[PDB]
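See structure below.
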Amino acid sequence: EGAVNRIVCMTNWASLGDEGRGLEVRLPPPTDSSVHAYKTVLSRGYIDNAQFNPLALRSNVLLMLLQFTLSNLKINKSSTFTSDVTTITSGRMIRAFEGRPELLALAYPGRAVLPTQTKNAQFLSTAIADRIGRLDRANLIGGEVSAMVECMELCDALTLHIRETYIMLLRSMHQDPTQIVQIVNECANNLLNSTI
Amino acid sequence: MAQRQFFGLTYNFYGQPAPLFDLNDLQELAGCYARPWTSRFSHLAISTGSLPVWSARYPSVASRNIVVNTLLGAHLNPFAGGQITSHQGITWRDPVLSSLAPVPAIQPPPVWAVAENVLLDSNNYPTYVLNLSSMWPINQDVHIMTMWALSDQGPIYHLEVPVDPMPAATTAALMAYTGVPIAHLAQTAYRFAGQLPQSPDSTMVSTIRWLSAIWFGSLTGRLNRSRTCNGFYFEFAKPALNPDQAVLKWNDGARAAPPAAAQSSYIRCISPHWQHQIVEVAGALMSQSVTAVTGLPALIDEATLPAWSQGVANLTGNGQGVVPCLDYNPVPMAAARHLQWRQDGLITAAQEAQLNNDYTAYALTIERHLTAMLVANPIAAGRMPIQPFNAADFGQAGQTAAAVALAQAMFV
Amino acid sequence: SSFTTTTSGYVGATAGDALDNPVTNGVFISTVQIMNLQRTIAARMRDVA
Amino acid sequence: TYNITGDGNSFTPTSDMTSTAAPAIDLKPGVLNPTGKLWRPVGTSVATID
Amino acid sequence: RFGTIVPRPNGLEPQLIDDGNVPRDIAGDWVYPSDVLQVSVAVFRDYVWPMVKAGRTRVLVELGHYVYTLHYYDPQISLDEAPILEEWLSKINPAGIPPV
Amino acid sequence: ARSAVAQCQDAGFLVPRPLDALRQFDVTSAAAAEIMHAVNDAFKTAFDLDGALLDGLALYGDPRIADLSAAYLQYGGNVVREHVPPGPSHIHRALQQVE
Amino acid sequence: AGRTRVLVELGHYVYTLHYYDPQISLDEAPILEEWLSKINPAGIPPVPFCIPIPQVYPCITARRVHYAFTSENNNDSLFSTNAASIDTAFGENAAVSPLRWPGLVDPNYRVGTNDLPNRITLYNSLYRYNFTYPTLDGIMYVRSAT
Amino acid sequence: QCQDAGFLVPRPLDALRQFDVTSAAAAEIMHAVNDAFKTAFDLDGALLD
Amino acid sequence: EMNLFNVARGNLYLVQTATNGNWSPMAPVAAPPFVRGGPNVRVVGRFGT
């Protein structure tokens, strides 16, 4: 909430993980000159910091995109969940990030109360509030924790998609005990023996 | 295992001079892809109903399903031809069918075989039969084709409940997968079955078949929290909007009444809505894998079948296994299921039954309108990236309640 | 009105003509129905005579 | 309904109000039609228009 | 509903967004469902108290239940409820309510 | 513990809900637990019961207690469920009457 | 200082934004002069797009000399103006884009609808998961007695 | 997408003006892409090279 | 979604606009004769001359 506000491409900007992949695509506000991002690959011959080679542009963008993809190959992992029984929340199940309360606000706009009759307020007050945090948690096994959570979050579709795919790829390769048993028994030619 | 006459059926065209796609669409396909193997297709399908199934080319998952088949259908006629044809776009990357190649340079002589609506016998082509091993993964794909293409409806899915000798090993393993949706299990299965030139080892096979039943049984009503296959049923998660995702669930209530011995059905979906129902589709893909192993009772007899797909080789008959196909309209079934549930007194209709019937009515409407609106384009342009079908097809009929009742009695 | 029941699809005199024109979710009446409707009306009349 | 055997009731026959009912209606064959019988694209989806 | 208020900006009438969306002057018969009172603290504090104090504004503080505290004085000296009024208001938290 | 809790959340355990007009949010699994632990504890102290290996462990997963019972499962397809009822509840009756 | 309207066929390009005081008399000319002279057979400098700020109050008029106008709307990246304000008047603009959060905005949308390639949604159902990595040697017990 | 290949691909950025890519240039691009992977999965051994 | 990557679309026309009001450079309602079929909208790609 100010006068001029924009959106900008910042890879993993809201990553609250102890895990750093360190190939992130960071872009500055259009206000400031992002020239350097787009001259990286082939502008060998054109040393001048202000200027970039137009012809080299499709190439350079194509790599950027490549790396956007790669520094996003990521298992979205569940943290913990809290039963938000309060005034601000409709008994809503919020992600309790072990630190930095800040993040919650940003992750959940809907949480916020209305002091003014302002442009932003107006928007927020015309939108469907209930969809904040966790609608369903997925485990049936009694005395074990959950397999997954289903949470309405501030989340980037494109990034989601990337991560979704990756998971589907991983899942495809994943093997169950029995089959593993097989593999080993076969390889062993019964000479060697494992406990099923 | 090598079921010699592995004859597979390519799709007809909707009163079209050409197979179902335009050049641009096929270009898209061949070219933007490479391998003739379902990896790419499955990639799309897998993403647990999140991503909208809509695109410029590909209206639904099922859409892609159909152009996958037609692609197949057209480009096989090349190499599966009597003396080998292949040009216009596709000249096969090696005789062993390795990859979808744009016409090799100094290679014109193998024509583009202009076929009509024609079944082919894979093993009658010497190249094909030589390469019996590599043939195996693609046959799987083939079946998928055939078993949509046979008809003008939603997929012809097969069911099997072998009762009594049930492997203890199967039980044990299968339990570990508890928590996951049918979709991902299917995916692994197909992948395995392809990856290894297919085995007589009934393990895999049995497992898929049981799974299929449990799903179907679930979906009907017969199977639920309190009436289980020993613990087994599929749980329809999220009781509001129609996305009620069938996860494998193991809860001990009762062990449902062991049927008499061997129970077999096949289902089709009469209503175009099948398209947006990943559940339905995923059973059908399961039953294909089954096929590769097993010589299923000679296909759904021509009584419910368009004229072009009558008298097919050794497929349709008249006095065989499963003469009639079990047929449904998806939205009436959900009602059916709630019926049973209520009849059992599992639940009050009061709020539960009302609510979900309300949501599925909505979902119907949305679907119906989208499928119609999309079909409008192909039903005016030379291009077809979609199932062909009239507004009267949506009809609440097509033997919907009979199916349900049969499925149930099957469980006895 | 109860008799005047929904018909949804193509409208035409001949297959010919009908091929061209589809009219979604209108109304029909059945031979049977008109039979029994008329029957009633006639009966009504002969009661009033 | 009202007691017929009461007071206030007008006997005003006017040209304006010339007796009429519905004695008979038009049932000419010609007139019976309007029109199109309802049909379907075989029975399958949006393809069989033919 | 509280939060559904319109200030008085450059001569504009100081209003509320009356239930079903009505811009209406702050005077009348205002109802606060408990939870809605607990929401708009500072804004409600500022606005209603003056209108109470120096006009007619029939606040309906929808409670249902409450824990009650009593005080005994003499009808001999000139007293006003302001102190306790302001304390009450000063000590309402979005999540809380004092003994009344 | 049953009866008490069932006045905290919408449960179909058999009891009238006299205190329906007194302010209360619809409690969750987790919350129910917390209250119930209090219940537990009070009982403990009241009756000099210092062994936490008494009642304790009742709130270890979905404490949406309605009909606490045990069973056996036999491989020949069958289950033997022992549903063990409580009869007299003098305390409970006095609590209700107090309400 | 004259009028030769010069068309610069560029296709696509990058832009560097400037924000200025709407209530005063600006000319783009030094800025663009720089641009112009900078151009090399072997490179281009980012595009200078100077803009007056949206203002939230009835204020006067000032002289605003700009030069560069584009074949296409590029305004999409602008997320909001003023926000925490009662009226945007002078220099008027638009507010946030509801299309960005279809599901949160609008009760109609069951938060997984085909939005590609139109708009990037920013708030929807996120799926998060709990998966252990067990060793292959661990999954199974050993029998050393071989 | 920079070079004409024997390979059906989608091509979107065709409006994005690029030089007449040589063999040399394509080789440059390849290496960097290749080094990118290597980095990403934290791999010392030879990939593609 | 290119402008999210700070990437913009089109061609520039450089014109003297000496005005009172907020014509966003960023959003041009591009109806001037920006095109080949434009009135007195003449091309020059020749070299040196």
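Protein chains in written order, with PDB author numbering: chain A, 237 to 432; chain B, 1 to 412; chain C, 109 to 157; chain D, 10 to 59; chain E, 1016 to 1115; chain F, 867 to 965; chain G, 1069 to 1214; chain H, 873 to 921; chain I, 971 to 1019. For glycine and all other residues, C-beta sits at the position ideal for the given N, C-alpha and C.
- Distances from the CA of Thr-1084 (chain E) to each of E:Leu-1052, E:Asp-1050, E:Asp-1061 and E:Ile-1112 were compared; the closest alpha carbon is that of E:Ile-1112.
- For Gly-49 (chain B), at least one C-beta of chain G is nearer than 8 Å to its own C-beta.
- Taking the Cα of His-956 (chain F) as reference, the smallest distance to any Cα among F:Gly-943, F:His-949 and F:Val-964 is reached at F:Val-964.
- Counting only residues of its own chain and dropping the five nearest sequence neighbours on each side, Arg-947 (chain F) has a CB closer than 7 Å to the CB of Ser-935 and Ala-937.
- Take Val-205 (chain B), set aside five residues on each side of it, and the residues of its chain with a beta-carbon closer than 6 Å to its own are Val-293, in chain order.
- Secondary structure in the stretch 1075 to 1155 of chain G: the beta strand (DSSP E) runs of 3 residues or longer, each lying completely within the stretch, are 1080 to 1088, 1115 to 1120 and 1132 to 1138 in chain order.
- Contact with chain A is absent for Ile-66 (chain B), since none of that chain's Cβ atoms lies less than 8 Å from the residue's Cβ.
- Of all residues in the stretch 377 to 403 of chain B, those with a C-beta nearer than 8 Å to a C-beta of chain C are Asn-390, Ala-391 and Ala-392, reading in chain order.
- It is roughly 7 Å from the alpha-carbon of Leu-920 (chain H) to the alpha-carbon of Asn-906 (chain H).
- When only Cα atoms are considered, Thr-360 (chain B) and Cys-245 (chain A) end up about 39 Å apart.
- Shown here for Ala-383 (chain A): same chain residues with a beta carbon closer than 7 Å to its own, the five before and five after excluded, namely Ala-374 and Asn-375 in chain order.
- Chain H places a beta carbon closer than 8 Å to that of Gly-1079 (chain G), counting this residue as a contact.
- Taken atom to atom, the span from the alpha-carbon of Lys-238 (chain B) to that of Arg-222 (chain B) is near 19 Å.
- In this structure, DSSP gives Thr-115 (chain C) an extended state, which the three-state scheme calls strand.
- The secondary-structure analysis by DSSP pairs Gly-369 (chain A) across a beta bridge with A:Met-388.
- For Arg-947 (chain F), the enclosing beta strand (DSSP E) covers residues 944 to 948.
- In its chain, beyond the 5 residues on either side, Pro-197 and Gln-198 have a beta carbon closer than 6 Å to the beta carbon of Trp-136 (chain B).
- The way I'd put it, the stretch 312 to 323 of chain B does touch the stretch 256 to 267 of chain B; three or more beta-carbon pairs between them come closer than 8 Å.
- Taking 8 Å as the cut-off, the Cβ atoms of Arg-1131 (chain G) and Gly-991 (chain I) do not count as close.
- For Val-321 (chain A), the chain F residues whose C-beta falls within less than 9 Å of its own C-beta are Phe-891, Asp-892, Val-893, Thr-894 and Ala-897, listed in chain order.
- Around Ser-1049 (chain E), the same chain offers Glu-1077 and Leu-1078 as residues with beta carbons nearer than 7 Å, after the five sequence neighbours per side are excluded.
- For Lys-249 (chain B), the pairing in a beta bridge is given by DSSP as B:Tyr-233.
- Only those residues of the stretch 247 to 281 of chain B whose C-beta falls short of 8 Å from the nearest C-beta of chain F are listed: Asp-252, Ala-254, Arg-255 and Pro-258.
- Partner residues in the beta bridge of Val-321 (chain A), as assigned by DSSP, are A:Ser-326.
- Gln-146 (chain C) and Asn-1192 (chain G) have their alpha carbons spaced roughly 59 Å apart.
- Taken through DSSP and simplified to helix, strand or coil, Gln-1030 (chain E) comes out as strand.
- DSSP places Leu-406 (chain B) outside any beta strand (DSSP E); the residue lies instead in the alpha helix (DSSP H), whose first and last residues are 400 to 410.
- The shortest C-alpha to C-alpha distance from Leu-1100 (chain G) to any of I:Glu-971, I:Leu-982, I:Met-972 and I:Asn-976 is the one to I:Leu-982.
- DSSP places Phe-1199 (chain G) outside both helix and strand once states are collapsed to three, so it counts as coil.
- In the same chain as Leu-371 (chain A), and ignoring 5 residues on each side of it, the C-beta atoms closer than 6 Å to its own belong to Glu-386, in chain order.
- Contact between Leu-309 (chain A) and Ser-295 (chain A) does not hold, since the beta-carbon distance rounds to 23 Å and is not under 8 Å.
- Here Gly-134 (chain C) is bridged, per DSSP, to C:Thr-115.
- Secondary structure of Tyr-1191 (chain G) (DSSP, three-state): coil.
- Against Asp-1144 (chain G), chain B offers no close residue; the least beta-carbon distance is about 21 Å (beta-carbon pairs closer than 7 Å).
- By alpha-carbon distance to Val-1014 (chain I), the top candidate from G:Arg-1073, G:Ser-1139 and G:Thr-1181 is G:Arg-1073.
- Put simply, the CB of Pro-995 (chain I) is near chain G, with a gap under 8 Å to one of its CB atoms.
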